[PDB]
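Notes follow the structure.
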Amino acid sequence: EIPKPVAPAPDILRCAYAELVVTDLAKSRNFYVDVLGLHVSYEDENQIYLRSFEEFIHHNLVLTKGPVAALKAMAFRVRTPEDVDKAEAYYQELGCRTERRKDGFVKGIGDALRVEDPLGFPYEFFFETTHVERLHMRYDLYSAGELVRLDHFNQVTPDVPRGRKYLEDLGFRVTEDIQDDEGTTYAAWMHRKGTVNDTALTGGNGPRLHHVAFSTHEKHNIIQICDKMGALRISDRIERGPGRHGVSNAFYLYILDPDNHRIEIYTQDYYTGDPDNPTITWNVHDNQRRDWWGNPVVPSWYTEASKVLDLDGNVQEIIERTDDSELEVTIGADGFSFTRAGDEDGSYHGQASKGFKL
Amino acid sequence: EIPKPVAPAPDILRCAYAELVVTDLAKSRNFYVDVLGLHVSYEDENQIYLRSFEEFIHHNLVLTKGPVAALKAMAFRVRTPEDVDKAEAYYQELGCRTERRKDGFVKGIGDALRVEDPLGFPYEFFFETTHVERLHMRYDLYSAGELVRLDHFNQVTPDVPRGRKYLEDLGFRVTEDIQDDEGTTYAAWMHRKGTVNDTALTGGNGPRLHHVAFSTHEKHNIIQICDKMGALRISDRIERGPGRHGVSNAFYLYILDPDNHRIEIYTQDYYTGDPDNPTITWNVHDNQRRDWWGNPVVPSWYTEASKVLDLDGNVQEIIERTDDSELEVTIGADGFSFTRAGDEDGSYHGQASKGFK
Amino acid sequence: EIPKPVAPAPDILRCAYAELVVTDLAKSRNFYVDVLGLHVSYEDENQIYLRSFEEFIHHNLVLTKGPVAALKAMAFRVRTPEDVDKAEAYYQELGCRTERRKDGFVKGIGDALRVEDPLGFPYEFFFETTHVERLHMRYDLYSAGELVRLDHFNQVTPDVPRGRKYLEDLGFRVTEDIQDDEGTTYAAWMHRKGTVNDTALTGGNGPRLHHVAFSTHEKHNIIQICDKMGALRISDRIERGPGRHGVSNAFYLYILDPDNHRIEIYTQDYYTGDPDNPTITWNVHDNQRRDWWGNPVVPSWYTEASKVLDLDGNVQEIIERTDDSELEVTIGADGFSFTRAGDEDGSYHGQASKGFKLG
Amino acid sequence: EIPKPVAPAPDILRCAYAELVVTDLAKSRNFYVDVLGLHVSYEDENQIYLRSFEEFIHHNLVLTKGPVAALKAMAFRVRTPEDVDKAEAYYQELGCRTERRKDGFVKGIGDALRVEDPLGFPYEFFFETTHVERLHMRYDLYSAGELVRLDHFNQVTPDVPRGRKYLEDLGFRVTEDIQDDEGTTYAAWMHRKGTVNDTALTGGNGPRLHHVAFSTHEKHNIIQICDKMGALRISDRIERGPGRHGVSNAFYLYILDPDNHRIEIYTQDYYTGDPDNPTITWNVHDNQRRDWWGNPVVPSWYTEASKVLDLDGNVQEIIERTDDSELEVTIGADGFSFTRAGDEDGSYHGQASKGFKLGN
Ligand SMILES: O=C(O)Cc1ccc(O)c(O)c1
Ligand SMILES: O=C(O)Cc1ccc(O)c(O)c1
Ligand SMILES: [Ca+2]
Ligand SMILES: [Cl-]
Ligand SMILES: [Cl-]
Ligand SMILES: [Fe+2]
Ligand SMILES: [Fe+2]
Ligand SMILES: [Fe+2]
Ligand SMILES: [Fe+2]
């Protein structure tokens with residue numbers, strides 16, 4: 001288990017931005033700007049800094065050209081400059097590698113701490129950021145698929161309980177999770193800002209980044225992204241969805257960028273900010289837990305995820321999950337899922353729902 | 001080939017209602033009234049008469065208790081009372097069995113003709129119907145999933161060109177179809193009322209009724225139906241969707257009633273009323289023709305459909321399709337589909353899209 | 001009274017396009033293309049030809065540069081080439097001035113007949129038109145405010161029953177109307193294509209063109225047009241709405257182009273194609289008849305409308321309405337409206353709803 | 001000026017519920033339940049306890065029968081039981097009257113403090129509450145107009161800067177405000193939970209309660225409430241909207257309950273939780289500030305608001321505003337409003353936008 005430091009945890013406000021390494025900056029720009037409509041805060045020949053429609057901080061997404069596509073940092077904003085000091089002391093006590101730069105790692109961010117966290121992920125903590133024009137009423141720019149906020153990250157890690165304890169000590173509260181009747185945890189979601197999540201853990205080989213999620217205002221905005229991708233004849237880059245989530249209750253869609261980084265589009269989860277917010281636990285065999293409508297979860301969603309980098313820019317070695325696999329127990333050859341607990345009708349043995357096999 | 005009568009075709013306005021035989025009336029009522037929110041026009045111990053939010057004719061759906069679930073009649077409204085006489089002469093010349101009831105077959109319909117049509121389907125033609133309160137501004141009754149109009153039927157039949165020519169003679173205009181390069185037709189959509197379809201032909205063993213479709217105002221109304229079915233823990237009765245259609249461009253969902261009758265929910269297709277409305281042909285291997293987003297079509301959509309009855313209420317014998325199977329050529333072991341024509345990236349060989357066999 | 005000809009009426013399919021004269025073509029282009037997102041079929045220094053997202057005929061709107069902003073033609077497509085000949089005979093029997101051009105008045109239209117109709121309006125009838133790429137699945141182009149179809153026209157004319165009868169003889173069927181208890185008709189809506197209207201008559205001094213209406217898919221598309229106009233700091237060009245209509249049950253908005261031509265954005269009216277479609281008559285004092293939510297009807301809606309041209313391009317003289325004014329009887333100083341018939345609560349006397357009088 | 005106490009402010013989570021006094025409990029139930037679709041947690045002959053679709057605390061609204069319709073309490077939930085003690089000490093240092101009930105003022109709330117705050121408003125602070133079934137995935141119950149959360153309160157008070165400083169010391173952050181070029185503040189919005197507001201101050205005679213706001217998921221849910229009010233032939237109870245706000249950028253509607261308590265329906269404001277969230281100041285003469293589309297603000301919006309009670313249940317005396325009136329300076333006789341700053345075209349002199357004047 002990861003011990004709880006004597007040192008006070010930093011006060012984390014929210015997920016704020018991700019830095020993604022991409023291999024072809026122009027192809028990535030085309031996806032994130034021309035297809036998805038994100039707004040350019042700054043760009044040059046090496047990097048593109050993008051923000052959502054309602055953001056005032058410098059960016060939500062940095063695309064950095066590099067040789068290997070990977071997550072380089074997932075950044076959380078802290079409440080005060082002094083919280084960056086707290087973050088540094090906290091991670092030093094945990095025995096984690098840290099690097100602090102008073103003028104930031106990327107443009108538009110000031111004093112920042114990056115760490116290789118106990119699960120192998122590159123976390124950044126910062127307060128100082130360059131404010132930009134908040135585009136929230138720029139309806140002259142508004143896309144029919146407009147991405148309005150950064151919502152969350154989702155991480156793949158082999159041991160969910162181990163990770164969950166560490167994030168709870170850091171101040172995240174678990175909102176929903178997935179378990180079985182045999183003591184296995186498959187996933188958990190946890191928050192600071194009072195939505196279902198700021199980061200989440202998905203059981204699997206890791207460290208890998210499962211996805212970065214952006215919000216829309218309404219469900220039709222998500223539909224429009226799918227319609228546009230059909231019109232562009234890139235529907236093969238729609239991985240899963242659209243649907244209603246069980247966990248989170250949000251309307252959702254998963255798409256893949258040119259380097260196969262998975263982006264979720266997400267809307268209309270619920271308020272979690274009360275400290276006794278009731279925690280919802282689903283059974284892993286409940287076929288409405290991921291897609292509420294019982295639509296099958298494609299195996300690539302379980303198996304594929306992005307590499308992550310260490311502070312030297314090198315790919316982190318992947319550690320294999322030894323706990324049961326959600327894929328195997330639900331849609332594999334010996335898998336099972338149900339629609340109604342205890343009802344054989346609407347249950348699936350050794351295959352996925354709605355008529356499909358792997 | 002089905003010859004064109006010399007008798008003038010009835011002037012058909014639109015699809016108007018279906019009569020479905022159901023085995024358990026209370027269970028069926030629960031689905032159509034309590035789940036789907038259709039409005040009761042009349043009921044007793046034997047039948048439930050239901051209508052959509054914007055309808056003024058007596059009903060769009062009649063549920064009739066019987067021993068074997070099946071389509072008993074698919075009904076079209078005609079322009080004038082004299083068009084029922086035309087329909088009778090027309091089908092008599094075709095050599096079809098007909099039955100005329102001057103006082104109707106079901107409540108709220110007057111003078112009506114039922115026929116066993118040349119494709120084996122029980123069609124009704126009528127003009128006279130009891131007007132009821134049009135609920136189109138009754139927002140005090142409006143459901144988050146409200147079904148606002150009856151939109152179309154879809155029929156499974158073995159020989160699509162044969163059926164298409166028969167429907168064209170009857171005045172239906174083809175709007176869209178699916179074909180391959182060898183010249184096989186897999187499906188056609190055709191209309192009277194100036195939408196993408198009033199009835200449609202799906203290639204397969206028939207006569208069987210593929211579905212009845214109702215429209216909503218907006219796409220979120222369809223999402224709500226899915227969400228409601230999840231809450232009621234009957235998500236297993238969501239067969240396919242929700243999705244954007246390629247053919248028709250409509251947003252869609254397919255669900256199954258307690259007797260496995262398939263209901264489509266549908267919104268936002270386009271205007272087809274001009275006589276030179278451009279006809280759209282899709283290639284059968286195009287993975288965006290059915291679901292525009294490339295989601296796979298579940299095999300049950302191609303294989304399962306409702307029995308239909310003859311005028312004595314016995315189940316109509318089925319004729320097997322001998323033309324190529326859309327299932328087999330797209331998602332079966334020797335099938336294939338593409339995202340971009342001529343591109344192996346985003347193509348699927350011997351399985352369906354998105355990772356599924 | 002306008003007589004019914006012996007000659008058969010042409011079979012009219014639908015409203016198809018309007019030709020509007022505009023005074024500054026670049027300013028008008030900015031409005032219809034950059035603000036509203038209509039699609040250009042053809043343009044030059046003299047004209048801009050525009051279509052909606054789902055259209056396959058050549059255009060829904062022609063902007064023609066000229067000295068005096070006005071309606072030059074409201075055009076209906078007919079079912080067959082021969083229906084143009086029927087239109088010509090029909091209007092010649094009515095004693096109307098007609099002009100026939102075998103190769104069209106505007107680009108992308110073939111054989112066409114323009115008439116100065118018995119109410120002074122320039123109608124066009126045509127069958128032949130150049131087909132274009134139907135953009136209905138071009139979601140790479142789709143705007144958050146996308147205009148998907150042309151829906152209808154609305155005409156201001158002093159004597160509504162006189163015009164209604166003439167349109168009925170032409171095959172248009174009345175769907176809804178607005179009357180009072182003492183027999184005055186204020187407005188009527190009438191269709192060919194199976195929606196609430198293809199053209200409509202608003203009582204007032206005329207001939208003038210009240211508006212041209214385009215459809216969206218959903219209500220939020222209309223909300224976006226408002227939002228965008230706020231962002232562009234042209235909210236003063238939002239005239240009325242958005243709202244829910246009583247008559248038609250459609251969600252709506254009225255906006256003004258650079259020459260004050262009024263454009264309606266409209267969605268989700270109901271099917272009227274059955275021949276016994278039930279007609280709906282509203283009382284003029286029913287404050288839910290126009291805006292169903294009871295929001296006040298802005299006075300310019302009742303007073304302002306576009307000039308129309310005759311076949312020489314000169315403005316048609318205006319004839320004054322002598323029947324009662326809807327403005328006056330509902331929101332003027334002697335006006336009244338109700339929420340519930342017979343209830344003083346929720347009634348308005350000498351002013352509009354929601355606490356406003358006329359400015 | 002209201003001094004900053006030495007005692008630490010309670011840690012406030014969010015607005016949580018209001019208790020409104022109503023004169024006819026059945027008529028009020030018809031409005032909030034049958035019209036608006038709120039969910040009944042408990043009721044009897046004297047009270048109705050209601051909650052929104054996504055709520056897990058016992059209620060968001062208590063309707064209490066009494067002789068005079070009024071706000072009885074606006075309630076904020078605090079982070080810990082100990083914050084109720086902090087609240088008591090804080091308000092005692094402010095010199096305010098307070099009342100502490102270990103088992104609650106209303107059913108489903110435990111240990112609770114009510115205070116007559118420095119602006120004369122009855123605030124409640126509590127932590128303990130009975131959890132109920134959270135209905136957030138009960139789509140079998142979901143209405144076409146479903147109210148999904150309680151969002152905020154809005155208070156009418158004569159001196160906005162005085163109130164603003166007090167609420168800032170209590171830890172609310174101002175997100176937007178309306179001012180003019182001559183030093184007057186007409187309104188301010190302020191939050192704890194990371195939306196545009198939890199409570200707000202509107203300049204006017206007070207203390208009075210301007211509104212309680214509930215949110216929906218989507219704009220069409222707000223359209224449906226209007227549509228249903230039309231079908232029920234109660235469109236006279238739609239006061240203002242629907243619209244897009246300038247302040248907050250939310251889609252909105254204002255409606256009136258049977259006692260004229262004003263309810264806002266609200267959706268799709270933006271995230272404010274960062275501590276340096278940019279404060280937006282609108283000029284009072286900007287005609288897109290309140291309705292972004294420039295629709296005129298109905299005069300009753302500026303003049304009418306609910307009475308509020310003291311801790312004895314008596315109506316609080318009203319103190320008149322002496323600062324300039326937003327109504328007067330925008331749509332009154334000497335009013336002015338603009339569409340584009342510095343452009344005469346689209347400006348309005350001595351009347352409202354869109355062709356309207358103030359009714360007599
Ligand atoms: O299978 C598909 O998705 C094509 C399709 C289009 C329109 C319809 O009404 C329908 O039932 C089926
Ligand atoms: O004024 C109103 O609100 C009534 C009305 C209904 C339908 C329309 O198309 C229209 O232009 C006007
Ligand atoms: Ca001043
Ligand atoms: Cl999921
Ligand atoms: Cl406001
Ligand atoms: Fe996610
Ligand atoms: Fe269909
Ligand atoms: Fe109109
Ligand atoms: Fe408010």
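In the structure tokens, each chain is lettered A, B, ... as it comes, each chain's residues begin at 1, and ligands are numbered from 1 in order of appearance.
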
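Selection of all polymer residues within 7 Å of ligand 8 on the basis of only C-alpha atoms and all ligand atoms gives residues 152, 153, 154, 211, 213 and 264 of chain C.
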
When you look at segment 78-84 of chain D with a cut-off of 6 Å (counting only C-alpha atoms), what residues show up, excluding the ones that are within fewer than 6 positions of it in the same chain? I need them as a PDB file with N, CA and C atoms, in the first residue's frame.
```
ATOM      1  N   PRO D  10     -17.920  29.851   8.463  1.00  0.00           N
ATOM      2  CA  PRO D  10     -18.242  28.431   8.189  1.00  0.00           C
ATOM      3  C   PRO D  10     -17.883  28.119   6.757  1.00  0.00           C
ATOM      4  N   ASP D  11     -17.506  26.875   6.469  1.00  0.00           N
ATOM      5  CA  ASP D  11     -17.208  26.416   5.117  1.00  0.00           C
ATOM      6  C   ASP D  11     -18.512  26.004   4.439  1.00  0.00           C
ATOM      7  N   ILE D  12     -19.028  26.893   3.587  1.00  0.00           N
ATOM      8  CA  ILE D  12     -20.298  26.647   2.909  1.00  0.00           C
ATOM      9  C   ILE D  12     -20.133  25.844   1.601  1.00  0.00           C
ATOM     10  N   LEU D  13     -20.878  24.775   1.443  1.00  0.00           N
ATOM     11  CA  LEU D  13     -20.836  23.922   0.217  1.00  0.00           C
ATOM     12  C   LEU D  13     -21.614  24.569  -0.928  1.00  0.00           C
ATOM     13  N   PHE D 126     -26.716  24.166   7.945  1.00  0.00           N
ATOM     14  CA  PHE D 126     -26.828  22.823   8.487  1.00  0.00           C
ATOM     15  C   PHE D 126     -25.819  21.924   7.804  1.00  0.00           C
ATOM     16  N   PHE D 127     -25.457  20.827   8.473  1.00  0.00           N
ATOM     17  CA  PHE D 127     -24.795  19.702   7.827  1.00  0.00           C
ATOM     18  C   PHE D 127     -25.726  18.469   7.740  1.00  0.00           C
TER      19      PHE D 127
END
```

Dump the neighbourhood of ligand 2 as a CSV table (one decimal) with N, CA and C atoms, in the first residue's frame: all residues within 9 Å, distances computed on only C-alpha atoms and all ligand atoms.
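Final output, part-v7.csv:
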```csv
chain,number,residue,atom,x,y,z
C,151,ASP,N,-39.7,27.1,-46.0
C,151,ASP,CA,-41.0,26.6,-45.6
C,151,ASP,C,-42.2,27.4,-46.1
C,152,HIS,N,-42.2,28.7,-46.1
C,152,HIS,CA,-43.4,29.4,-46.6
C,152,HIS,C,-43.1,30.9,-46.8
C,153,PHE,N,-44.1,31.5,-47.4
C,153,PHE,CA,-44.2,33.0,-47.5
C,153,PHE,C,-45.4,33.5,-46.6
C,154,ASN,N,-45.4,34.8,-46.3
C,154,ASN,CA,-46.5,35.4,-45.6
C,154,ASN,C,-46.7,36.8,-46.2
C,176,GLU,N,-55.3,27.2,-40.6
C,176,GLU,CA,-55.7,27.9,-39.4
C,176,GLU,C,-56.0,29.4,-39.8
C,187,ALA,N,-56.2,37.0,-40.2
C,187,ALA,CA,-55.1,36.3,-40.8
C,187,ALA,C,-55.6,34.9,-41.2
C,189,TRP,N,-53.8,31.0,-42.9
C,189,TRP,CA,-52.7,30.2,-43.3
C,189,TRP,C,-53.2,29.1,-44.3
C,196,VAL,N,-48.3,23.4,-42.3
C,196,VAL,CA,-49.4,24.4,-42.0
C,196,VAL,C,-49.5,25.4,-43.1
C,197,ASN,N,-48.5,25.8,-43.7
C,197,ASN,CA,-48.6,26.8,-44.8
C,197,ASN,C,-47.5,26.7,-45.9
C,199,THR,N,-48.2,29.6,-48.3
C,199,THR,CA,-48.4,31.1,-48.2
C,199,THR,C,-49.5,31.4,-47.2
C,200,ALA,N,-49.5,32.6,-46.7
C,200,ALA,CA,-50.4,33.0,-45.6
C,200,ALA,C,-50.7,34.5,-45.9
C,202,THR,N,-51.8,38.0,-44.0
C,202,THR,CA,-51.9,38.8,-42.8
C,202,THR,C,-52.7,40.1,-43.2
C,210,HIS,N,-44.8,40.1,-45.9
C,210,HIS,CA,-44.6,40.1,-44.5
C,210,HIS,C,-43.3,39.4,-44.2
C,211,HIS,N,-43.1,38.2,-44.6
C,211,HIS,CA,-41.8,37.5,-44.4
C,211,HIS,C,-41.7,36.3,-45.3
C,212,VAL,N,-40.4,35.8,-45.4
C,212,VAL,CA,-40.1,34.5,-45.9
C,212,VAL,C,-39.6,33.6,-44.8
C,213,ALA,N,-40.0,32.4,-44.7
C,213,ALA,CA,-39.7,31.5,-43.6
C,213,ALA,C,-38.8,30.3,-44.0
C,241,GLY,N,-39.4,37.3,-30.8
C,241,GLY,CA,-39.1,35.9,-30.4
C,241,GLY,C,-37.8,35.7,-29.7
C,243,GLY,N,-40.1,32.1,-29.8
C,243,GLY,CA,-41.3,31.7,-29.1
C,243,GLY,C,-41.8,30.4,-29.6
C,244,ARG,N,-42.9,30.0,-29.0
C,244,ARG,CA,-43.8,28.9,-29.6
C,244,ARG,C,-45.0,29.6,-30.2
C,245,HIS,N,-45.3,29.3,-31.4
C,245,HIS,CA,-46.6,29.8,-32.0
C,245,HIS,C,-47.8,29.1,-31.5
C,246,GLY,N,-48.9,29.8,-31.4
C,246,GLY,CA,-50.2,29.2,-31.2
C,246,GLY,C,-50.6,28.6,-32.5
C,247,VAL,N,-51.0,29.5,-33.4
C,247,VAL,CA,-51.3,29.1,-34.8
C,247,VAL,C,-50.0,28.4,-35.3
C,248,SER,N,-50.2,27.1,-35.8
C,248,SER,CA,-49.1,26.3,-36.4
C,248,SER,C,-48.4,25.4,-35.4
C,249,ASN,N,-48.3,25.8,-34.1
C,249,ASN,CA,-47.6,25.1,-33.1
C,249,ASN,C,-46.1,25.0,-33.3
C,250,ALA,N,-45.6,25.8,-34.2
C,250,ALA,CA,-44.1,25.8,-34.5
C,250,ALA,C,-43.3,26.7,-33.6
C,251,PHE,N,-42.1,26.3,-33.3
C,251,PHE,CA,-41.1,27.2,-32.7
C,251,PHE,C,-40.6,28.2,-33.7
C,252,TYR,N,-40.4,29.5,-33.3
C,252,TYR,CA,-40.2,30.5,-34.2
C,252,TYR,C,-39.3,31.6,-33.8
C,253,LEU,N,-38.8,32.4,-34.7
C,253,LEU,CA,-38.0,33.6,-34.5
C,253,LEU,C,-38.2,34.5,-35.7
C,254,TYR,N,-38.3,35.9,-35.5
C,254,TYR,CA,-38.3,36.8,-36.6
C,254,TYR,C,-37.1,37.8,-36.5
C,264,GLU,N,-38.4,34.7,-41.1
C,264,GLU,CA,-38.8,33.8,-40.0
C,264,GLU,C,-38.0,32.6,-40.0
C,265,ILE,N,-37.5,32.2,-38.9
C,265,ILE,CA,-37.0,30.8,-38.7
C,265,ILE,C,-38.0,30.0,-37.9
C,266,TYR,N,-38.2,28.8,-38.3
C,266,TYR,CA,-39.4,28.0,-38.0
C,266,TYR,C,-39.1,26.5,-37.8
C,269,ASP,N,-44.0,22.4,-37.0
C,269,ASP,CA,-45.4,22.3,-37.2
C,269,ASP,C,-45.8,20.9,-37.6
C,288,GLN,N,-52.8,33.7,-26.4
C,288,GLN,CA,-51.9,32.5,-26.8
C,288,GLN,C,-51.9,32.2,-28.2
C,289,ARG,N,-52.6,33.0,-29.0
C,289,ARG,CA,-52.9,32.6,-30.4
C,289,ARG,C,-51.6,32.8,-31.3
C,290,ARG,N,-50.8,33.8,-31.0
C,290,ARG,CA,-49.6,34.1,-31.8
C,290,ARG,C,-48.4,33.6,-31.1
C,291,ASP,N,-48.1,34.1,-29.9
C,291,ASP,CA,-47.1,33.5,-29.0
C,291,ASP,C,-47.9,32.7,-28.0
C,292,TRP,N,-47.7,31.4,-27.9
C,292,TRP,CA,-48.5,30.5,-27.1
C,292,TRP,C,-48.2,30.7,-25.6
C,297,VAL,N,-46.7,40.7,-28.8
C,297,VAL,CA,-46.3,40.8,-30.2
C,297,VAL,C,-45.8,42.2,-30.4
C,301,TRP,N,-44.2,44.2,-35.9
C,301,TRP,CA,-44.7,43.0,-36.6
C,301,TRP,C,-46.0,43.2,-37.3
```

For residue 92 of chain C: contacts at 12 Å, only C-alpha atoms, fewer than 3 positions along chain excluded, given as a ChimeraX atom specification: /C:5-9,85-89,95-100,113-118

Save out the residues we just selected, N, CA and C atoms, as an mmCIF file, in the first residue's frame.
```cif
data_model
loop_
_atom_site.group_PDB
_atom_site.id
_atom_site.type_symbol
_atom_site.label_atom_id
_atom_site.label_comp_id
_atom_site.auth_asym_id
_atom_site.auth_seq_id
_atom_site.Cartn_x
_atom_site.Cartn_y
_atom_site.Cartn_z
ATOM 1 N N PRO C 5 -61.946 30.704 -62.245
ATOM 2 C CA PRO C 5 -61.902 30.461 -63.687
ATOM 3 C C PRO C 5 -62.520 29.127 -64.078
ATOM 4 N N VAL C 6 -62.980 29.054 -65.323
ATOM 5 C CA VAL C 6 -63.304 27.802 -65.975
ATOM 6 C C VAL C 6 -62.040 26.993 -66.237
ATOM 7 N N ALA C 7 -60.974 27.669 -66.656
ATOM 8 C CA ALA C 7 -59.673 27.006 -66.823
ATOM 9 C C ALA C 7 -59.207 26.328 -65.531
ATOM 10 N N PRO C 8 -58.620 25.119 -65.634
ATOM 11 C CA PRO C 8 -58.153 24.404 -64.447
ATOM 12 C C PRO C 8 -56.950 25.084 -63.790
ATOM 13 N N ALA C 9 -56.907 25.063 -62.463
ATOM 14 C CA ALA C 9 -55.765 25.610 -61.725
ATOM 15 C C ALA C 9 -54.529 24.754 -61.996
ATOM 16 N N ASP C 85 -48.305 26.109 -68.515
ATOM 17 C CA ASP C 85 -49.356 26.493 -69.454
ATOM 18 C C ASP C 85 -50.723 26.659 -68.741
ATOM 19 N N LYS C 86 -51.042 25.781 -67.798
ATOM 20 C CA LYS C 86 -52.289 25.915 -67.074
ATOM 21 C C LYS C 86 -52.288 27.203 -66.273
ATOM 22 N N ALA C 87 -51.178 27.515 -65.609
ATOM 23 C CA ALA C 87 -51.086 28.768 -64.867
ATOM 24 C C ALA C 87 -51.326 29.976 -65.779
ATOM 25 N N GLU C 88 -50.721 29.968 -66.968
ATOM 26 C CA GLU C 88 -50.882 31.084 -67.892
ATOM 27 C C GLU C 88 -52.326 31.283 -68.307
ATOM 28 N N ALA C 89 -52.999 30.202 -68.676
ATOM 29 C CA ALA C 89 -54.423 30.285 -69.062
ATOM 30 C C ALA C 89 -55.304 30.747 -67.891
ATOM 31 N N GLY C 95 -57.778 37.913 -65.961
ATOM 32 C CA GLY C 95 -57.534 39.253 -66.455
ATOM 33 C C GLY C 95 -56.280 39.855 -65.867
ATOM 34 N N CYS C 96 -55.370 39.014 -65.399
ATOM 35 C CA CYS C 96 -54.098 39.478 -64.828
ATOM 36 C C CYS C 96 -53.028 39.612 -65.901
ATOM 37 N N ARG C 97 -52.157 40.598 -65.727
ATOM 38 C CA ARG C 97 -50.965 40.721 -66.525
ATOM 39 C C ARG C 97 -50.030 39.555 -66.284
ATOM 40 N N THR C 98 -49.586 38.944 -67.388
ATOM 41 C CA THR C 98 -48.672 37.821 -67.301
ATOM 42 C C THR C 98 -47.462 38.054 -68.190
ATOM 43 N N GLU C 99 -46.370 37.404 -67.836
ATOM 44 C CA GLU C 99 -45.198 37.372 -68.678
ATOM 45 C C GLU C 99 -44.575 35.986 -68.593
ATOM 46 N N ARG C 100 -44.294 35.400 -69.763
ATOM 47 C CA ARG C 100 -43.813 34.032 -69.916
ATOM 48 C C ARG C 100 -42.403 34.104 -70.522
ATOM 49 N N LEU C 113 -43.573 31.445 -65.678
ATOM 50 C CA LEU C 113 -44.615 32.450 -65.873
ATOM 51 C C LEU C 113 -44.617 33.343 -64.634
ATOM 52 N N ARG C 114 -44.471 34.654 -64.822
ATOM 53 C CA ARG C 114 -44.703 35.623 -63.743
ATOM 54 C C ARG C 114 -46.004 36.329 -63.994
ATOM 55 N N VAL C 115 -46.744 36.584 -62.921
ATOM 56 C CA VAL C 115 -48.026 37.256 -63.029
ATOM 57 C C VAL C 115 -48.095 38.351 -61.940
ATOM 58 N N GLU C 116 -48.763 39.453 -62.227
ATOM 59 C CA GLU C 116 -49.284 40.371 -61.204
ATOM 60 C C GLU C 116 -50.647 39.857 -60.803
ATOM 61 N N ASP C 117 -50.719 39.240 -59.627
ATOM 62 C CA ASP C 117 -51.915 38.497 -59.276
ATOM 63 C C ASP C 117 -53.032 39.429 -58.815
ATOM 64 N N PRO C 118 -54.238 38.878 -58.565
ATOM 65 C CA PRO C 118 -55.380 39.762 -58.259
ATOM 66 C C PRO C 118 -55.230 40.571 -56.963
#
```

Top pick for closest residue to chain D, considering B:313, B:204, B:350, B:145 and counting only C-alpha atoms: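 Counting only C-alpha atoms, the residue closest to chain D is B:145.
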
8 Å shell around ligand 1 using only C-alpha atoms and all ligand atoms, listed as a list in words: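 Sorted by chain and then by number, the residues are residues 152, 154, 189, 196, 197, 200, 211, 213, 243, 244, 245, 246, 247, 248, 249, 250, 252, 264, 266, 289, 290, 291, 292 and 297 of chain B.
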
Close residues, residue 191 of chain B itself excluded, 7 Å, only C-alpha atoms, min 5 positions apart in chain, as a PyMOL selection string: chain B and resi 172-174+196-199

8 Å shell around ligand 5 using only C-alpha atoms and all ligand atoms, listed as a count of residues only: 7

Polymer residues at most 12 Å from segment 325-333 of chain B, only C-alpha atoms, same-chain spacing of 5 or more positions, as a PyMOL selection string: (chain A and resi 356) or (chain B and resi 157-160+178-180+184-187+202-205+283-290+295-304+320+338+347-357)

At most 8 Å from ligand 9 (only C-alpha atoms and all ligand atoms): residue list as a count of residues only: 10

Test item, alpha helix (DSSP H) assignment across segment 166-295 of chain D, answer as a VMD selection string: chain D and resid 166 to 169 219 to 231
